[PDB]
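In the form deposited in one PDB entry, a lone chain appears below as structure tokens.
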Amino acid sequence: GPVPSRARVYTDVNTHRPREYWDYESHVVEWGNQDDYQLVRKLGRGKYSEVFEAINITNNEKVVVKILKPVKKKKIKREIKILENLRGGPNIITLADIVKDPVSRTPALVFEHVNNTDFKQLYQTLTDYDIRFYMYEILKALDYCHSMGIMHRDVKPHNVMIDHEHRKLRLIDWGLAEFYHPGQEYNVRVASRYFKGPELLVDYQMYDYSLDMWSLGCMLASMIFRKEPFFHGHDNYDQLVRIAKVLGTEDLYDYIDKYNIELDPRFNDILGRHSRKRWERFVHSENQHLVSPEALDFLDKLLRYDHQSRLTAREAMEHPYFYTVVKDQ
């Protein structure tokens, strides 16, 4: 069978807490009054929810409402619990209330309101310094949630929100997040394809917070190289080929060895044989101003098949890539 794995950091953090903290199945939900909020306009449709801008008529404060589509109550209790646990944390979205339509029986999450600067405007103006800063800001949120025994499992640009006018960032969409418990086997059918770690793709279920660090590298790549998505797999199998065509098949077979992982008979056809490529080959004139020795060192140390050899969030925050941003503090 597969070799076990535990987290190198924040391993026993949920164990040292009361059971209620992570036994979300037991959480009873504090309902608010739906008539305190009126919906203004729709902001987005999104697989598990629809998102609206609303006003709280109690204090005339602008708000965000995610009306949920039908999920199991235990997954809602999960998200609510994780949000409540992380509330007040750096760059974590703030849950403000929870309400149910007394007729449709549909439940709705009410959030603080953050203006998103227009994608086009932001993307075209970004700058290396800006990327550094906002990555630092994402790392802050991740080290916080990891320290609080929680893995997001859906880190990607969709779930990051930036108000550039106020240099303000939030990490959202906590509905796939789970509590890390050593020895636990998780579902590998999580996150979107382009951001899935190797461990999900080879079906190693004793994963941990380091899953987030892979995605974060997947994010950094697309930004510095200006290629979204960076690993563009046609299906879950081809996603690992895309990764192997860059990272090389050798470190991959070394990883499945160390963890005595059994590859579906399929991959053993498509994976083939692939040298580990150098980053220079994704550099061109239009991205060079984002790419730097510091950045490629940072990226290399996140994009590793072996989850145990990835940088932790706190080590990442200590990386030379962010030396300038930390001095502003």
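Residues that one form lacks are left out of the comparison. Rigid core: the largest C-alpha set superposing within 1.5 Å between the two forms. Numbering starts at 1 and follows the sequence shown.
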property	result
Comparing 165-173 with 205-213, the one whose average Cα B-factor in the PDB entry is higher	165-173
Which of 61-69 and 275-283 has higher mean CA B factor, as the PDB entry lists it	275-283
Among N187, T94, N116, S147 - the residue whose C-alpha B-factor is largest in the record	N116
Highest-ranked of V103, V99, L83, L200 once sorted by CA temperature factor in the record	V103
Ranked C-alpha temperature factor of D130 among modelled chain residues, by third	highest
Where the record places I243 (Cα B-factor, split into thirds across the chain)	middle
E228 CA temperature factor, ranked by third within the chain	highest
Chain thirds of CA B-factor: placement of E79	lowest
Among modelled residues of the same chain, the CA temperature factor third for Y180	lowest
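There is another form of this protein, the form deposited in another entry, and it is not shown here; the text below is about that form.
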| query | finding |
| --- | --- |
| Sole residue of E228, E84, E250, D118 shifting 2 angstroms or more in CA between the shown form and the other one, core aligned | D118 |
| Structural rearrangement between the shown form and the other one, runs of 3 or more with C-alpha shift of 2 angstroms or more, core superposed | 116-125 |
